[PDB]
Amino acid sequence: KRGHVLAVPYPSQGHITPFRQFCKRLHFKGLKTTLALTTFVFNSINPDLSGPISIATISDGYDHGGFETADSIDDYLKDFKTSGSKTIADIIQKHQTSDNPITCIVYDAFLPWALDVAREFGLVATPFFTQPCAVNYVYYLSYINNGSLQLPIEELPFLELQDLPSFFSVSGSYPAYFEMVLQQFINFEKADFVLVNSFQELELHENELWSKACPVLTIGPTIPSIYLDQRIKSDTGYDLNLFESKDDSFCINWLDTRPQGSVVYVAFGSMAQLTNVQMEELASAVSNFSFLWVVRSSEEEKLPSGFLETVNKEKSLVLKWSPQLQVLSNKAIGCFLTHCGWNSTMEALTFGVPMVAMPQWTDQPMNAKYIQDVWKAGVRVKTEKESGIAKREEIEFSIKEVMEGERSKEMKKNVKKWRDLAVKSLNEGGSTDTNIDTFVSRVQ
Ligand SMILES: O=c1ccn([C@@H]2O[C@H](COP(=O)(O)OP(=O)(O)O)[C@@H](O)[C@H]2O)c(=O)[nH]1
Ligand SMILES: *[C@@H]1O[C@H](CO)[C@@H](O)[C@H](O[C@@H]2O[C@H](CO)[C@@H](O)[C@H](O)[C@H]2O)[C@H]1O
Ligand SMILES: *[C@@H]1O[C@H](CO)[C@@H](O)[C@H](O)[C@H]1O
Ligand SMILES: O=C(O)c1ccccc1Br
């Protein structure tokens, strides 16, 4: 009972969620955990503090208004390094005289400066990569190559330019985040372990390639236990949400009244923004089906005028935010039109829902390539090259290709094999269970 982990996610939904889920595993194994949330995020969730994972607050330098009040991404990340370094040190010091001092920092691999704080206080230090091995390996190769990548890549020859992360195909875009994803490897060989939110059996070739450069421990998937191994009965869903849902039994009740495999689920995660024109083609494309579509509140203005009040409430429904895990488990869902964020992708792969891949940026084009051509669990929509948008009739074709045809009945079979491989990996003796045990043993 001696070890104590301070877990520091990048302050966004797709990073806080896998960090918290991993903390629930550690707690089940006997390791005490504290999750470090920025003050802005903490005051937005109003979290329920009566739980097995304690909460501490740190600062990114934007306590009042968070990221949207920062001038720029580069200013945000530099100020987060400054204030985050000092406020993470504050938590360590405040726990020094306690019953269980902090002994280990699990920090988002996006924040390599947290290793320096852990090492200053003599702690165990492990970066946590929330993206899959193939993506991280691609970034590692570019980092070794002064931030460039010459295709073809010898060990992954099937990768074309349109499959690499967006920073390689959109020249000069988001230079501060490009630098961030490359500099995850600036010091990662000096950490006690390298953790990755994937499971070995999902990416055998890339895991072993990446491991040759630096030993990594796959510890995923971070899907709640009740849906897979079921050894942690208290782990029944995601319990830290940065977004309000109107208490959606509304959503699951409605899905129950629908025929099996009849609903197209459409969701673009917590972050990605679609243009006016993109929303136009999407709304026209999906209105050919029975659909459940998350349109985040900030995105509604880009819907075509009068769209919300012309959805027929017998076949279709539009939400501000969904209980995605419950949606993807419900049998009324025929396919998942997704931006190919890594958590959404892994959730779809484990629940056996075939995907229509509509990647937008960052690692999403990589996940899309793996969804279609490696795991063969869905189809990527084609975007015209001069314009860069996917029009309504290609989107509609891609959804049909996954709902009905001969291509359809193949991809349903393939995607159903991943759930068992994940349950095997999380159960006693599995790949991920063994790696989590290795980490827990070191921490204490
Ligand atoms: O309406 C929604 C949309 C997304 N999610 C959850 O939000 C996370 C999105 O993370 P992902 O890595 O897919 O995308 P990002 O948001 O990081 O771009 C996932 O855990 C989803 O299950 C949800 O609960 N409801
Ligand atoms: C990274 O930069 C992009 C803009 O290019 C921001 O969207 C992102 O900010 C995130 O925004 C989410 C809401 O859409 C917040 O939930 C999240 O906390 C915040 O980090 C930047 O991270
Ligand atoms: C950065 O750019 C992409 C568009 O390519 C968008 O999806 C994000 O919302 C934005 O932050
Ligand atoms: O890749 C991601 O998921 C990501 C998430 C949040 C902020 C920046 C990035 Br580059």
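This chain uses plain numbering: 1 for the first residue, then up along the sequence. Atoms considered below: every heavy atom in the structure, side chains included; atoms not considered: hydrogens, waters and symmetry mates.
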More than 12 heavy atoms from other groups under 6.0 Å of [atom1] on [X]:
{"X": "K409", "atom1": "NZ", "result": "yes"}
{"X": "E154", "atom1": "CD", "result": "no"}
{"X": "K313", "atom1": "NZ", "result": "no"}
{"X": "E406", "atom1": "CD", "result": "no"}

Point to revise | Expected output: side-chain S85 to main-chain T82 donor-acceptor under 3.5 Å | key: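 Flag not set: sc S85 to bb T82 has no pair under 3.5 Å.
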Practice item. For the pair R258 (side chain) and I333 (backbone), establish whether a donor and an acceptor sit closer than 3.5 Å, ignoring hydrogens and angles. Key: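 Answer holds: no.
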Side-chain contact test, heavy atoms from C-beta onward, threshold under 4.5 Å: evaluate it for [X] versus [Y] and give yes or no.
{"X": "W321", "Y": "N241", "value": "yes"}
{"X": "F243", "Y": "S297", "value": "no"}
{"X": "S245", "Y": "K320", "value": "no"}
{"X": "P221", "Y": "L228", "value": "yes"}
{"X": "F351", "Y": "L325", "value": "yes"}
{"X": "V138", "Y": "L159", "value": "yes"}
{"X": "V263", "Y": "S290", "value": "yes"}
{"X": "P132", "Y": "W342", "value": "yes"}

Between the side chains of [X] and [Y], does any donor sit under 3.5 Å from an acceptor?
{"X": "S408", "Y": "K412", "value": "yes"}
{"X": "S398", "Y": "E394", "value": "yes"}
{"X": "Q200", "Y": "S425", "value": "no"}
{"X": "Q324", "Y": "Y265", "value": "yes"}
{"X": "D256", "Y": "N330", "value": "yes"}
{"X": "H15", "Y": "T130", "value": "yes"}
{"X": "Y137", "Y": "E203", "value": "no"}

Review point. Less than 6.0 Å separating the ring centroids of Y139 and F129?
Key: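 No.
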Check your understanding: For the ring pair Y62 and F40, is the centre-to-centre distance below 6.0 Å?
Key -> no
Check residues 177-188 and write down every donor-acceptor pair under 3.5 Å in which the side-chain atom is one partner and the other belongs to a residue at least two apart or another chain.
residue : atom : partner : partner atom : Å
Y177    : OH   : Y10     : OH           : 3.4
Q184    : NE2  : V181    : O            : 3.0
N187    : ND2  : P112    : O            : 3.0

Check your understanding: Using 4.0 Å as the upper bound for N to carboxylate O, is an ion pair formed by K302 and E299?
Key ->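 Looking at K302 together with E299, the answer is yes, because their closest N to O distance falls below 4.0 Å.
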Practice item. Would you please test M411 and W375 for side chain to side chain contact (heavy atoms under 4.5 Å, CB included) and show each step? Key: CA-CA 9 Å; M411 291 169 323; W375 307 309; over 6 Å; no
Practice item. Show your reasoning for whether side chain to side chain contact (heavy atoms under 4.5 Å, CB included) applies to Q360 and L274. Key: CA-CA 8 Å; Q360 302 300 301; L274 309 175; 3.3 Å; yes
I'd like a table of donor-acceptor pairs (distance under 3.5 Å, sequence neighbours excluded) in which one partner is a side-chain atom from residues 366-374, with atom names and distances.
residue : atom : partner : partner atom : Å
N367    : ND2  : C340    : O            : 2.9
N367    : ND2  : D363    : OD2          : 3.1
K369    : NZ   : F158    : O            : 3.3
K369    : NZ   : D373    : OD2          : 3.2
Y370    : OH   : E206    : OE2          : 2.4
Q372    : OE1  : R380    : N            : 2.9

**Study point:** Given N435, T432, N197, the one that forms side chain to side chain donor-acceptor pair (under 3.5 Å) with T218
**Key:**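 One option only clears the test, and that one is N435.
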Check your understanding: Out of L26, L35, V5, which residue meets the side-chain contact (heavy atoms from CB on, under 4.5 Å) rule with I53?
Key -> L35
Practice item. For a side-chain contact (heavy atoms from CB on, under 4.5 Å) with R20, tell me which candidate from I55, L37, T222 qualifies. Key: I55
Exercise for review: Could you tell me which residues satisfy side chain to side chain contact (heavy atoms under 4.5 Å, CB included) with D48, sequence neighbours excluded, listed by chain and number?
Suggested key: none
Review point. Which heavy atom of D235 sits nearest a heavy atom of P224, and at what distance?
Key: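 Of all heavy-atom pairs spanning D235 and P224, the closest is OD2-CA, 3.3 Å.
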